[PDB]
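Since the structure comes first, as structure tokens, the remarks are kept for the end.
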Amino acid sequence: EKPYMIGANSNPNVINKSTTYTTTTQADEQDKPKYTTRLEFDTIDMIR
Amino acid sequence: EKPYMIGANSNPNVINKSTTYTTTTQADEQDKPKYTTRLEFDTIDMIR
Amino acid sequence: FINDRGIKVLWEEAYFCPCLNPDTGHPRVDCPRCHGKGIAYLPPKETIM
Amino acid sequence: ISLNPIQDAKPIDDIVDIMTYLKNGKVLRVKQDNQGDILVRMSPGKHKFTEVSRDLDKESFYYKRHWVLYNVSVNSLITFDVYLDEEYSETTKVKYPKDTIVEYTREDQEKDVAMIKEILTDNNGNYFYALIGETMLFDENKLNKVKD
Amino acid sequence: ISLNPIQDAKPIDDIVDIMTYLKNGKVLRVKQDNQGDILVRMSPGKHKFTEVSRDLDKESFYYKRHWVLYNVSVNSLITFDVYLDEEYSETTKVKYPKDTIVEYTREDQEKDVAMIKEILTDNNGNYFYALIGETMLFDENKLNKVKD
Amino acid sequence: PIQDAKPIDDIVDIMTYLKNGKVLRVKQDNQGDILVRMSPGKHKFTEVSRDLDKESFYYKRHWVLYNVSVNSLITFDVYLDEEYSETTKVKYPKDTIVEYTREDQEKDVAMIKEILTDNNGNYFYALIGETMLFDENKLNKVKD
Amino acid sequence: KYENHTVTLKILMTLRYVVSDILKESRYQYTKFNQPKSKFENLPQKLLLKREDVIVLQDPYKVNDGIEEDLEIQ
Amino acid sequence: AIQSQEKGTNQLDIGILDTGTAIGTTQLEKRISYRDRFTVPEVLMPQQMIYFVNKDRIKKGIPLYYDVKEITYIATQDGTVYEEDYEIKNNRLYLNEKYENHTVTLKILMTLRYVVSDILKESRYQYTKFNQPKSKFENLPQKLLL
Ligand SMILES: [Zn+2]
């Protein structure tokens with residue numbers, strides 16, 4: 001009903017942000033994949 | 001007679017497909033060829 | 001890229017076996033953990049390399 | 001003139017209940033410290049196995065969640081805090097959740113420490129906090145969290 | 001309301017019969033584990049030798065099969081299951097062939113094991129299976145094959 | 001009859017026994033039998049041991065960590081280790097494929113599910129999809 | 001039958017390697033783009049391996065999974 | 001900046017020994033000295049070690065060769081060990097009486113450290129003059145062999 005307007009900002013300031021270090025752990029995980037094209041030789045042509 | 005329509009899919013799902021390993025065997029085989037162009041030197045020109 | 005080019009492989013870490021003789025600093029000839037080698041190994045882990 | 005209290009997502013602490021939900025087929029949501037936040041489900045039908053997905057949203061008619069087999073580990077469940085999908089949501093990402101201990105400024109210009117016991121938000125989205133030892137509710141800007 | 005039974009291609013097990021067909025000139029079809037599926041023929045005319053082709057289809061008027069000399073090996077025939085071209089065809093690529101042992105669900109909610117003894121298909125292409133110890137016919141979706 | 005095997009059906013029970021800390025025994029196909037355990041102390045994690053024989057003055061079990069998968073537990077047979085009997089001395093074990101002649105003298109294939117015995121050691125077998133018993137001689141092992 | 005005889009064989013064995021030295025061990029990057037904050041990540045190491053011939057140990061006992069391979073689902 | 005971080009290991013009569021080598025590139029205006037020292041807290045290096053316990057070491061506490069950031073795996077003849085039985089203070093290890101006569105083996109992570117063995121391509125120079133009140137001299141990065 002009412003018009004959509006951007007409004008004001010909301011993000012507060014942050015100072016002295018520390019970097020993130022990956023934690024060591026013996027537990028299992030899942031490696032997040034990327035699905036895309038794949039490169040391969042033409043082994044049939046190599047035989048020729 | 002009746003119109004040709006694509007219809008629904010038929011391929012069932014498959015999970016945990018294992019790769020194929022070539023089997024060792026002392027028996028003979030036939031190597032499937034590729035018929036195409038061939039590259040060669042010009043040995044007559046090399047003599048020159 | 002690593003997963004694309006690599007080959008599937010089993011990976012096991014290494015650690016000195018307890019069977020090492022404290023005085024000579026050298027191992028027993030045959031124990032389950034290490035079969036004469038002075039180094040034991042952990043359970044396998046799967047990896048692409 | 002405010003919205004009713006909004007509940008925090010309870011992490012499931014005991015393995016037995018988690019497996020019990022999983023056997024029933026209720027979806028779990030696991031956060032991995034290293035890689036990502038994932039859903040976990042035991043496969044429907046008789047062909048039983050564990051499945052994992054990264055389609056982190058409610059199953060909308062236009063958002064079909066996709067599953068793939070994975071050998072989930074027991075230790076992964078134990079070490080990583082896990083939630084039930086029906087609770088963990090964007091509906092509340094409160095800065096200081098329930099049971100959090102905070103330092104709050106009192107009327108006598110003394111900073112006392114208290115725990116958040118109830119949470120509700122006004123229509124404008126500001127979170128009202130109920131604190132132990134105090135009657136009224138407190139605002140986020142007034143508060144301070146002391147870490148470690 | 002169904003199509004008559006469809007026969008499976010019988011692999012030829014004994015070398016003697018295979019050579020006998022080959023001497024008569026009847027075409028063979030060999031599957032190589034490593035490389036490919038090929039046809040084998042002994043040359044027509046008096047100039048006798050073995051020939052190999054990869055033109056895997058019926059000799060249509062617009063599909064001329066082409067032959068080349070090859071020194072076929074006896075061991076290749078023995079180890080690799082071989083068929084007669086007149087049987088091996090796309091006409092049947094049934095998932096569970098005849099003489100296959102399968103696990104099938106019975107009316108009493110018990111999974112019994114039985115062998116397929118007869119095969120026929122309805123007009124819609126669904127394969128009906130006759131099983132030892134059972135009278136009626138069974139459907140592919142109902143069945144399960146246990147391997148090893 | 002003989003009660004050499006007491007398989008667990010529900011994984012929930014397995015987890016409950018694991019919480020109790022009792023050792024498990026998990027079968028494998030064409031592979032060595034394994035024992036599984038929950039670690040004690042502050043940190044709880046699954047441990048495994050390739051040592052099957054009973055703890056003794058000359059024999060101590062060796063335990064190590066592992067990221068065990070529920071898929072193995074839910075599928076493979078599981079037992080309480082101390083309650084397990086090493087073998088049941090019969091010609092054809094359970095879940096073994098045999099060829100038998102039905103009541104009308106027609107031959108069918110079947111797998112075995114029964115354990116019955118007299119006090120002399122004479123054994124009888126009841127086939128999956130069947131009711132009556134079959135003797136050691138009547139059944140014939142089906143080759144792979 | 002072969003009480004006093006010399007037997008000769010040709011055999012196939014699985015490939016195995018051990019780590020003799022680590023080359024170009026640690027490589028680093030402060031990944032920051034499209035992140036809430038800076039993160040540290042370890043890039044691939046390079047390994048110099050040697051084959052196991054003087055001492056040989058059997059392949060490791062891997063815990064198997066009951067999932068059937070090449071399984072069809074519906 | 002650091003390149004070609006290498007863990008060269010020599011197997012000797014005296015034992016195994018690590019002689020790693022690496023190449024560093026520095027900032028401007030910094031003068032480095034022979035046998036200076038650098039340490040990288042962020043990077044961790046794995047090591048393995050074994051020690052034998054006796055009636056005296058158990059009370060004094062084991063003196064560790066390497067340093068420590070955290071422990072990964074502990075084991076002895078009796079198997080693994082748990083946090084309730086071992087503690088570490090000031091880079092030395094204490095154990096309870098249960099392991100009076102035993103051999104303890106460990107896998108450990110330690111922070112990375114380098115020292116300067118030689119200075120390569122020491123000093124590089126430039127008379128920067130553009131957009132300056134006057135000419136200025138600046139020292140370009142040195143390269144270090146660690
Ligand atoms: Zn040893």
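In the structure tokens, chains take letters A, B, ... by order of appearance, with residues numbered from 1 within each chain and ligands from 1 in the order shown.
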Neighbour list for stretch 37-48 of chain G as a CSV table (one decimal) with N, CA, C and O atoms, in the first residue's frame, cut-off 9 Å, only C-alpha atoms, skip fewer than 4 positions in-chain:
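Below is the file selection.csv, written as the result:
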chain,number,residue,atom,x,y,z
A,17,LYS,N,38.9,-5.3,13.5
A,17,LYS,CA,38.4,-6.7,13.1
A,17,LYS,C,39.6,-7.6,13.0
A,17,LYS,O,40.5,-7.4,12.3
A,18,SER,N,39.4,-8.8,13.7
A,18,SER,CA,40.5,-9.8,13.6
A,18,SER,C,40.2,-10.8,12.5
A,18,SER,O,39.0,-11.2,12.3
A,19,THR,N,41.2,-11.3,11.9
A,19,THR,CA,41.1,-12.2,10.8
A,19,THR,C,40.6,-13.6,11.4
A,19,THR,O,40.7,-13.9,12.6
A,20,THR,N,40.1,-14.4,10.5
A,20,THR,CA,39.6,-15.7,10.9
A,20,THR,C,40.6,-16.8,10.6
A,20,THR,O,41.1,-16.9,9.4
A,21,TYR,N,40.9,-17.6,11.5
A,21,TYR,CA,41.8,-18.8,11.4
A,21,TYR,C,41.0,-20.1,11.4
A,21,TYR,O,40.1,-20.2,12.3
A,22,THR,N,41.2,-20.9,10.4
A,22,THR,CA,40.5,-22.2,10.4
A,22,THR,C,41.0,-23.0,11.6
A,22,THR,O,42.2,-23.1,12.0
C,2,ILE,N,42.2,-28.9,-8.1
C,2,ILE,CA,42.9,-30.0,-7.5
C,2,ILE,C,42.1,-31.3,-7.6
C,2,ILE,O,42.6,-32.4,-8.0
G,18,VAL,N,55.8,-42.8,0.2
G,18,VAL,CA,56.0,-42.2,1.5
G,18,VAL,C,56.7,-40.8,1.3
G,18,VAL,O,57.3,-40.6,0.3
G,19,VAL,N,56.6,-40.0,2.3
G,19,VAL,CA,57.1,-38.6,2.2
G,19,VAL,C,58.5,-38.6,2.7
G,19,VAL,O,58.8,-38.9,3.9
G,20,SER,N,59.4,-38.2,1.8
G,20,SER,CA,60.9,-38.1,2.2
G,20,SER,C,61.2,-36.7,2.6
G,20,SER,O,62.0,-36.4,3.5
G,21,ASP,N,60.7,-35.7,1.8
G,21,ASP,CA,61.0,-34.3,2.1
G,21,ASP,C,59.8,-33.5,1.7
G,21,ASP,O,59.0,-33.9,0.8
G,22,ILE,N,59.6,-32.3,2.3
G,22,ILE,CA,58.5,-31.4,2.0
G,22,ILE,C,59.1,-30.2,1.2
G,22,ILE,O,60.0,-29.6,1.8
G,23,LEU,N,58.6,-29.9,0.0
G,23,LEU,CA,59.1,-28.9,-0.8
G,23,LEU,C,58.1,-27.8,-1.0
G,23,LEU,O,56.9,-28.2,-1.2
G,24,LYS,N,58.5,-26.6,-0.9
G,24,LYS,CA,57.5,-25.5,-1.0
G,24,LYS,C,56.4,-25.7,0.0
G,24,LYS,O,55.2,-25.9,-0.4
G,25,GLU,N,56.7,-25.8,1.3
G,25,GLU,CA,55.8,-26.3,2.3
G,25,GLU,C,54.5,-25.5,2.4
G,25,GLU,O,53.4,-26.0,2.1
G,26,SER,N,54.6,-24.3,2.8
G,26,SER,CA,53.5,-23.4,3.2
G,26,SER,C,53.4,-22.3,2.2
G,26,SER,O,54.3,-21.5,2.0
G,27,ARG,N,52.2,-22.1,1.7
G,27,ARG,CA,51.8,-20.9,0.8
G,27,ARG,C,50.5,-20.4,1.3
G,27,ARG,O,49.6,-21.1,1.7
G,28,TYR,N,50.4,-19.0,1.3
G,28,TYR,CA,49.4,-18.3,2.1
G,28,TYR,C,48.6,-17.3,1.3
G,28,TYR,O,49.0,-17.0,0.2
G,29,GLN,N,47.5,-16.9,1.9
G,29,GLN,CA,46.7,-15.8,1.2
G,29,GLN,C,45.7,-15.3,2.3
G,29,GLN,O,45.0,-16.1,3.0
G,30,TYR,N,45.7,-14.0,2.4
G,30,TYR,CA,44.7,-13.3,3.2
G,30,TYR,C,43.4,-13.0,2.3
G,30,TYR,O,43.3,-11.9,1.7
G,31,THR,N,42.6,-14.0,2.3
G,31,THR,CA,41.3,-13.8,1.5
G,31,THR,C,40.4,-12.9,2.2
G,31,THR,O,40.0,-13.2,3.4
G,32,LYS,N,39.9,-11.9,1.6
G,32,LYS,CA,39.1,-10.9,2.1
G,32,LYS,C,37.9,-10.5,1.3
G,32,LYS,O,36.8,-10.2,1.8
G,33,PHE,N,38.0,-10.6,0.0
G,33,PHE,CA,36.9,-10.3,-0.9
G,33,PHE,C,35.7,-11.2,-0.7
G,33,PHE,O,35.8,-12.4,-0.6
H,42,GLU,N,50.6,-17.3,13.0
H,42,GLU,CA,49.4,-17.8,12.3
H,42,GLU,C,49.7,-19.2,11.7
H,42,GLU,O,48.8,-20.0,11.7
H,43,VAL,N,50.9,-19.4,11.2
H,43,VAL,CA,51.2,-20.7,10.6
H,43,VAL,C,51.7,-21.7,11.6
H,43,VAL,O,52.4,-21.4,12.5
Requested in this report: Write out as a ChimeraX atom specification the residues lying within 6 Å of stretch 35-48 of chain C, counting only C-alpha atoms and excluding same-chain residues fewer than 2 positions away.
Outcome: /C:3,6-17,27,29-31,33
Selection to disk with N, CA and C atoms, as a JSON list (two decimals), in the first residue's frame:
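Full text of result_20.json as output:
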[["chain", "number", "residue", "atom", "x", "y", "z"],
["C", 3, "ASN", "N", 40.82, -31.23, -7.30],
["C", 3, "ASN", "CA", 39.96, -32.40, -7.43],
["C", 3, "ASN", "C", 39.82, -32.82, -8.88],
["C", 6, "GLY", "N", 43.51, -34.33, -9.88],
["C", 6, "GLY", "CA", 44.12, -35.29, -8.99],
["C", 6, "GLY", "C", 43.59, -36.70, -9.19],
["C", 7, "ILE", "N", 44.18, -37.61, -8.42],
["C", 7, "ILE", "CA", 43.80, -39.01, -8.40],
["C", 7, "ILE", "C", 43.44, -39.39, -6.98],
["C", 8, "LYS", "N", 42.40, -40.20, -6.83],
["C", 8, "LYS", "CA", 41.91, -40.60, -5.52],
["C", 8, "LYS", "C", 42.94, -41.47, -4.83],
["C", 9, "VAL", "N", 43.14, -41.22, -3.54],
["C", 9, "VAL", "CA", 44.26, -41.78, -2.80],
["C", 9, "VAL", "C", 43.87, -41.87, -1.33],
["C", 10, "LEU", "N", 44.46, -42.85, -0.64],
["C", 10, "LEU", "CA", 44.30, -43.00, 0.80],
["C", 10, "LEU", "C", 45.49, -42.38, 1.50],
["C", 11, "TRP", "N", 45.23, -41.69, 2.61],
["C", 11, "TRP", "CA", 46.23, -40.93, 3.33],
["C", 11, "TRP", "C", 46.21, -41.35, 4.79],
["C", 12, "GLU", "N", 47.37, -41.73, 5.31],
["C", 12, "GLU", "CA", 47.52, -42.15, 6.69],
["C", 12, "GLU", "C", 48.72, -41.43, 7.29],
["C", 13, "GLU", "N", 48.51, -40.82, 8.45],
["C", 13, "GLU", "CA", 49.58, -40.10, 9.13],
["C", 13, "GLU", "C", 50.52, -41.09, 9.82],
["C", 14, "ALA", "N", 51.68, -40.59, 10.21],
["C", 14, "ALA", "CA", 52.75, -41.41, 10.76],
["C", 14, "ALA", "C", 53.10, -40.95, 12.17],
["C", 15, "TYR", "N", 53.43, -41.91, 13.03],
["C", 15, "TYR", "CA", 53.88, -41.62, 14.38],
["C", 15, "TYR", "C", 54.74, -42.77, 14.87],
["C", 16, "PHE", "N", 55.74, -42.44, 15.68],
["C", 16, "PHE", "CA", 56.70, -43.41, 16.19],
["C", 16, "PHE", "C", 55.97, -44.42, 17.06],
["C", 17, "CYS", "N", 56.24, -45.70, 16.84],
["C", 17, "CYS", "CA", 55.53, -46.74, 17.57],
["C", 17, "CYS", "C", 56.00, -46.78, 19.02],
["C", 27, "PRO", "N", 63.42, -50.40, 17.16],
["C", 27, "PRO", "CA", 62.11, -51.03, 17.36],
["C", 27, "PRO", "C", 62.13, -52.55, 17.40],
["C", 29, "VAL", "N", 60.96, -56.25, 16.16],
["C", 29, "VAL", "CA", 61.01, -56.75, 14.79],
["C", 29, "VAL", "C", 59.60, -56.92, 14.23],
["C", 30, "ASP", "N", 58.65, -57.31, 15.07],
["C", 30, "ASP", "CA", 57.30, -57.60, 14.59],
["C", 30, "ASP", "C", 56.31, -57.30, 15.70],
["C", 31, "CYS", "N", 55.50, -56.27, 15.49],
["C", 31, "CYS", "CA", 54.36, -55.97, 16.34],
["C", 31, "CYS", "C", 53.22, -55.52, 15.44],
["C", 33, "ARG", "N", 51.28, -52.94, 15.30],
["C", 33, "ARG", "CA", 51.25, -51.55, 14.87],
["C", 33, "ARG", "C", 52.21, -51.30, 13.72]]
**Report entry** Check: which chain A residues lie within 10 Å of chain H using only C-alpha atoms, as a ChimeraX atom specification
**Finding:** /A:21,24-26
Okay, now the selection with N, CA, C and O atoms, as a CSV table (one decimal), in the first residue's frame?
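The new file out_0.csv reads:
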chain,number,residue,atom,x,y,z
A,21,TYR,N,40.9,-17.6,11.5
A,21,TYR,CA,41.8,-18.8,11.4
A,21,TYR,C,41.0,-20.1,11.4
A,21,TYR,O,40.1,-20.2,12.3
A,24,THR,N,41.7,-26.4,13.8
A,24,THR,CA,42.0,-27.8,13.6
A,24,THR,C,41.1,-28.6,14.4
A,24,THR,O,40.7,-28.3,15.5
A,25,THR,N,40.7,-29.8,13.8
A,25,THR,CA,39.8,-30.7,14.5
A,25,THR,C,39.9,-32.0,13.7
A,25,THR,O,40.0,-32.1,12.5
A,26,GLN,N,39.8,-33.1,14.5
A,26,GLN,CA,39.9,-34.4,13.9
A,26,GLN,C,38.5,-34.9,13.4
A,26,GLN,O,38.4,-35.9,12.7
List as an mmCIF file with N, CA and C atoms, in the first residue's frame the protein and nucleic acid residues near stretch 30-47 of chain B, meaning an atom at most 12 Å away when only C-alpha atoms are counted, but skip any in the same chain fewer than 6 places from it.
data_model
loop_
_atom_site.group_PDB
_atom_site.id
_atom_site.type_symbol
_atom_site.label_atom_id
_atom_site.label_comp_id
_atom_site.auth_asym_id
_atom_site.auth_seq_id
_atom_site.Cartn_x
_atom_site.Cartn_y
_atom_site.Cartn_z
ATOM 1 N N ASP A 42 41.823 -36.232 -25.153
ATOM 2 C CA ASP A 42 41.112 -37.129 -26.061
ATOM 3 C C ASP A 42 41.979 -38.369 -26.234
ATOM 4 N N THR A 43 41.825 -39.313 -25.305
ATOM 5 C CA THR A 43 42.717 -40.465 -25.265
ATOM 6 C C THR A 43 42.602 -41.307 -26.526
ATOM 7 N N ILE A 44 41.433 -41.301 -27.166
ATOM 8 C CA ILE A 44 41.277 -42.028 -28.422
ATOM 9 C C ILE A 44 42.184 -41.422 -29.485
ATOM 10 N N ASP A 45 42.231 -40.090 -29.548
ATOM 11 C CA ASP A 45 43.104 -39.426 -30.509
ATOM 12 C C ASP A 45 44.571 -39.673 -30.191
ATOM 13 N N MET A 46 44.918 -39.750 -28.907
ATOM 14 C CA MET A 46 46.303 -40.008 -28.531
ATOM 15 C C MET A 46 46.772 -41.353 -29.066
ATOM 16 N N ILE A 47 45.895 -42.355 -29.040
ATOM 17 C CA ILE A 47 46.240 -43.670 -29.569
ATOM 18 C C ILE A 47 46.596 -43.553 -31.043
ATOM 19 N N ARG A 48 45.803 -42.782 -31.787
ATOM 20 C CA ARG A 48 46.131 -42.495 -33.178
ATOM 21 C C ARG A 48 47.471 -41.777 -33.274
ATOM 22 N N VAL E 30 31.009 -60.411 -30.957
ATOM 23 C CA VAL E 30 31.851 -60.577 -29.779
ATOM 24 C C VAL E 30 31.918 -59.258 -29.029
ATOM 25 N N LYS E 31 31.843 -59.338 -27.704
ATOM 26 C CA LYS E 31 32.042 -58.191 -26.833
ATOM 27 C C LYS E 31 33.417 -58.292 -26.189
ATOM 28 N N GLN E 32 34.250 -57.283 -26.418
ATOM 29 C CA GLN E 32 35.561 -57.193 -25.792
ATOM 30 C C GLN E 32 35.434 -56.338 -24.540
ATOM 31 N N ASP E 33 35.968 -56.838 -23.426
ATOM 32 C CA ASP E 33 35.842 -56.142 -22.152
ATOM 33 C C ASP E 33 36.487 -54.765 -22.210
ATOM 34 N N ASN E 34 37.608 -54.659 -22.922
ATOM 35 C CA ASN E 34 38.396 -53.432 -22.905
ATOM 36 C C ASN E 34 37.934 -52.441 -23.967
ATOM 37 N N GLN E 35 37.812 -52.894 -25.214
ATOM 38 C CA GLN E 35 37.760 -51.989 -26.354
ATOM 39 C C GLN E 35 36.375 -51.793 -26.950
ATOM 40 N N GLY E 36 35.695 -52.850 -27.382
ATOM 41 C CA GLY E 36 34.455 -52.653 -28.107
ATOM 42 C C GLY E 36 33.696 -53.932 -28.366
ATOM 43 N N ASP E 37 32.511 -53.766 -28.950
ATOM 44 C CA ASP E 37 31.672 -54.866 -29.409
ATOM 45 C C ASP E 37 31.817 -54.957 -30.920
ATOM 46 N N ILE E 38 32.132 -56.149 -31.420
ATOM 47 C CA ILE E 38 32.527 -56.326 -32.810
ATOM 48 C C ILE E 38 31.832 -57.539 -33.407
ATOM 49 N N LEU E 39 31.719 -57.536 -34.730
ATOM 50 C CA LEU E 39 31.251 -58.682 -35.492
ATOM 51 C C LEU E 39 32.442 -59.433 -36.070
ATOM 52 N N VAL E 40 32.261 -60.735 -36.266
ATOM 53 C CA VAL E 40 33.299 -61.601 -36.809
ATOM 54 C C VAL E 40 32.695 -62.432 -37.929
ATOM 55 N N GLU E 51 37.523 -61.980 -40.791
ATOM 56 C CA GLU E 51 37.271 -60.559 -40.968
ATOM 57 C C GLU E 51 36.541 -60.009 -39.754
ATOM 58 N N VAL E 52 36.759 -58.724 -39.485
ATOM 59 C CA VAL E 52 36.168 -58.046 -38.341
ATOM 60 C C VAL E 52 35.553 -56.738 -38.812
ATOM 61 N N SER E 53 34.424 -56.385 -38.204
ATOM 62 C CA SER E 53 33.726 -55.147 -38.507
ATOM 63 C C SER E 53 33.140 -54.575 -37.227
ATOM 64 N N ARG E 54 32.903 -53.265 -37.245
ATOM 65 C CA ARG E 54 32.279 -52.555 -36.137
ATOM 66 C C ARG E 54 30.967 -51.898 -36.543
ATOM 67 N N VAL E 68 37.202 -55.823 -42.645
ATOM 68 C CA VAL E 68 38.651 -55.725 -42.757
ATOM 69 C C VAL E 68 39.267 -56.979 -42.158
ATOM 70 N N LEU E 69 40.394 -57.402 -42.722
ATOM 71 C CA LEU E 69 41.079 -58.587 -42.231
ATOM 72 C C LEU E 69 41.617 -58.350 -40.829
ATOM 73 N N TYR E 70 41.564 -59.389 -40.004
ATOM 74 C CA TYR E 70 42.152 -59.353 -38.675
ATOM 75 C C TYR E 70 42.469 -60.774 -38.247
ATOM 76 N N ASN E 71 43.575 -60.934 -37.525
ATOM 77 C CA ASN E 71 43.980 -62.245 -37.040
ATOM 78 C C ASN E 71 43.307 -62.545 -35.708
ATOM 79 N N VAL E 72 42.048 -62.988 -35.755
ATOM 80 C CA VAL E 72 41.309 -63.261 -34.531
ATOM 81 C C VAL E 72 41.993 -64.378 -33.766
ATOM 82 N N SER E 73 41.962 -64.281 -32.441
ATOM 83 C CA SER E 73 42.640 -65.232 -31.575
ATOM 84 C C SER E 73 41.644 -66.208 -30.966
ATOM 85 N N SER E 76 40.573 -65.200 -27.466
ATOM 86 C CA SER E 76 39.575 -64.136 -27.466
ATOM 87 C C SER E 76 38.168 -64.716 -27.514
#
Report task. Find the spatial neighbours of residue H:1, counting only C-alpha atoms, within a cut-off of 10 Å - ignore same-chain residues fewer than 4 positions away - and output them as a PyMOL selection string. Result -> (chain G and resi 28) or (chain H and resi 23-27+143)
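Secondary structure by DSSP on the backbone puts the following residues of chain C in helix (DSSP H, G or I): residues 2, 3, 4 and 5 of chain C.
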Report task. With a cut-off of 6 Å and counting only C-alpha atoms, select all residues of chain F in contact with chain E and give the selection as a list in words. Result -> residues 108, 109, 110, 128 and 129 of chain F
Report task. Enumerate as number ranges by chain the residues belonging to chain F that approach chain G to within 9 Å, with only C-alpha atoms taken into account. Result -> F: 28-29, 31-32, 34, 50, 66, 68-76
Requested in this report: Starting from chain G, keep only residues with some atom at most 12 Å from an atom of chain E, counting only C-alpha atoms, and report them as a ChimeraX atom specification.
Outcome: /G:68-74
Saved selection, atoms kept: N, CA, C and O atoms, as an mmCIF file, in the first residue's frame:
data_model
loop_
_atom_site.group_PDB
_atom_site.id
_atom_site.type_symbol
_atom_site.label_atom_id
_atom_site.label_comp_id
_atom_site.auth_asym_id
_atom_site.auth_seq_id
_atom_site.Cartn_x
_atom_site.Cartn_y
_atom_site.Cartn_z
ATOM 1 N N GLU G 68 25.496 -49.916 -1.151
ATOM 2 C CA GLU G 68 25.805 -50.609 -2.391
ATOM 3 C C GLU G 68 26.186 -49.606 -3.470
ATOM 4 O O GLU G 68 25.522 -48.580 -3.646
ATOM 5 N N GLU G 69 27.258 -49.908 -4.192
ATOM 6 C CA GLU G 69 27.709 -49.033 -5.262
ATOM 7 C C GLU G 69 26.830 -49.203 -6.495
ATOM 8 O O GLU G 69 26.267 -50.274 -6.735
ATOM 9 N N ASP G 70 26.721 -48.132 -7.282
ATOM 10 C CA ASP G 70 25.925 -48.137 -8.508
ATOM 11 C C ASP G 70 24.475 -48.521 -8.215
ATOM 12 O O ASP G 70 23.871 -49.345 -8.903
ATOM 13 N N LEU G 71 23.917 -47.907 -7.177
ATOM 14 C CA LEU G 71 22.577 -48.216 -6.701
ATOM 15 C C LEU G 71 21.549 -47.381 -7.454
ATOM 16 O O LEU G 71 21.756 -46.183 -7.672
ATOM 17 N N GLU G 72 20.448 -48.018 -7.846
ATOM 18 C CA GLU G 72 19.333 -47.352 -8.505
ATOM 19 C C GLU G 72 18.247 -47.064 -7.478
ATOM 20 O O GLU G 72 18.003 -47.880 -6.584
ATOM 21 N N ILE G 73 17.587 -45.916 -7.620
ATOM 22 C CA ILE G 73 16.660 -45.401 -6.619
ATOM 23 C C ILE G 73 15.379 -44.944 -7.302
ATOM 24 O O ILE G 73 15.421 -44.384 -8.404
ATOM 25 N N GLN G 74 14.250 -45.183 -6.644
ATOM 26 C CA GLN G 74 12.972 -44.597 -7.035
ATOM 27 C C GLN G 74 11.952 -44.769 -5.916
ATOM 28 O O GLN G 74 11.841 -45.843 -5.326
#
Requested in this report: Identify every residue of chain F that has at least one atom within 9 Å of any atom of chain H, counting only C-alpha atoms, and report the result as a ChimeraX atom specification.
Outcome: /F:40-43,60-64
Output C-alpha atoms for every residue in that selection, as a PDB file, in the first residue's frame.
ATOM      1  CA  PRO F  40      35.309 -41.897  27.732  1.00  0.00           C
ATOM      2  CA  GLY F  41      36.257 -38.629  29.357  1.00  0.00           C
ATOM      3  CA  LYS F  42      35.418 -35.042  28.528  1.00  0.00           C
ATOM      4  CA  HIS F  43      35.359 -35.446  24.741  1.00  0.00           C
ATOM      5  CA  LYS F  60      44.877 -55.968  25.331  1.00  0.00           C
ATOM      6  CA  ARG F  61      42.533 -54.237  22.905  1.00  0.00           C
ATOM      7  CA  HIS F  62      43.916 -51.325  20.880  1.00  0.00           C
ATOM      8  CA  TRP F  63      41.556 -48.389  20.321  1.00  0.00           C
ATOM      9  CA  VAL F  64      41.871 -45.442  17.933  1.00  0.00           C
TER      10      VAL F  64
END
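Of note, atom CA of residue F:117 and atom CA of residue F:2 are spaced 7.3 Å apart.
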Query raised in the report: If you run DSSP on the backbone, which residues of chain G are strand (DSSP E), as a list in words?
Result: residues 17, 18, 19, 20, 21, 22, 23, 27, 28, 29, 30, 31, 39, 40, 41, 42, 43, 46, 47, 48, 49, 50, 51, 71, 72 and 73 of chain G
Just the selected residues (C-alpha atoms), exported as a compact mmCIF listing (two decimals), in the first residue's frame, please.
# COMPACT_ATOMS: atom_id res chain seq x y z
CA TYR G 17 54.49 -43.65 -1.63
CA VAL G 18 56.00 -42.15 1.51
CA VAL G 19 57.08 -38.58 2.21
CA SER G 20 60.85 -38.08 2.19
CA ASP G 21 60.97 -34.27 2.10
CA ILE G 22 58.49 -31.40 1.95
CA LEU G 23 59.15 -28.90 -0.83
CA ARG G 27 51.83 -20.92 0.85
CA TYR G 28 49.39 -18.34 2.14
CA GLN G 29 46.70 -15.83 1.25
CA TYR G 30 44.67 -13.28 3.21
CA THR G 31 41.34 -13.84 1.47
CA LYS G 39 40.44 -15.05 6.60
CA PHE G 40 43.67 -17.05 6.39
CA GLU G 41 43.89 -20.08 4.09
CA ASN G 42 46.69 -22.55 3.41
CA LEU G 43 47.43 -23.15 -0.27
CA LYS G 46 54.30 -29.82 -2.73
CA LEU G 47 55.65 -33.20 -1.64
CA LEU G 48 58.74 -35.15 -2.68
CA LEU G 49 57.85 -38.83 -2.44
CA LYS G 50 59.75 -42.12 -2.54
CA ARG G 51 58.48 -45.59 -3.37
CA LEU G 71 22.58 -48.22 -6.70
CA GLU G 72 19.33 -47.35 -8.51
CA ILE G 73 16.66 -45.40 -6.62
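The two atoms in question, atom CA of residue H:112 and atom CA of residue H:4, are spaced 14.1 Å apart.
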